[PDB]
């Protein structure tokens, strides 16, 4: 499995050691507090009251945890995924990213602690 920290100000995202392969079943658990600028902080689900001003992932609130598997587009992770299987043709290294508008990561703070494990399959 993989365990690490995903910083809110890390625009490129945090590359994990998990390489999702076809047929793999994975489980993710995320926790912690982060912010997209304001002094207030939000959990892995982000800010439910903030407008989407061009986030890297439109299927998740601003300040939420999302991911990219290999070359895929962003995928919502939020508080995590339970025994999850990726869509067809989706594979490669897993990168965890804080959901924010491109180019604005500079004033971000906090981070999410995340566990990723492969389940039986």
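For clarity, a rigid core is taken as the largest C-alpha set superposing within 1.5 Å between two forms. Numbering follows the first chain given and starts at 1.
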Inset, instruction - Compare 56-64 with 84-92 and report which one shows the larger root mean square C-alpha deviation from this form in 8 other deposited structures of this protein once the rigid core is superposed. - result: 84-92
Inset, instruction - Would you tell me which stretch averages the higher CA B-factor in the PDB entry, 28-36 or 70-78? - result: 70-78
Inset, instruction - Higher average CA B factor in the deposited record is what I'm after, so tell me if that's 59-67 or 86-94. - result: 86-94
Legend entry - Per the PDB entry, maximal CA B factor within 109, 99, 10, 16: 16
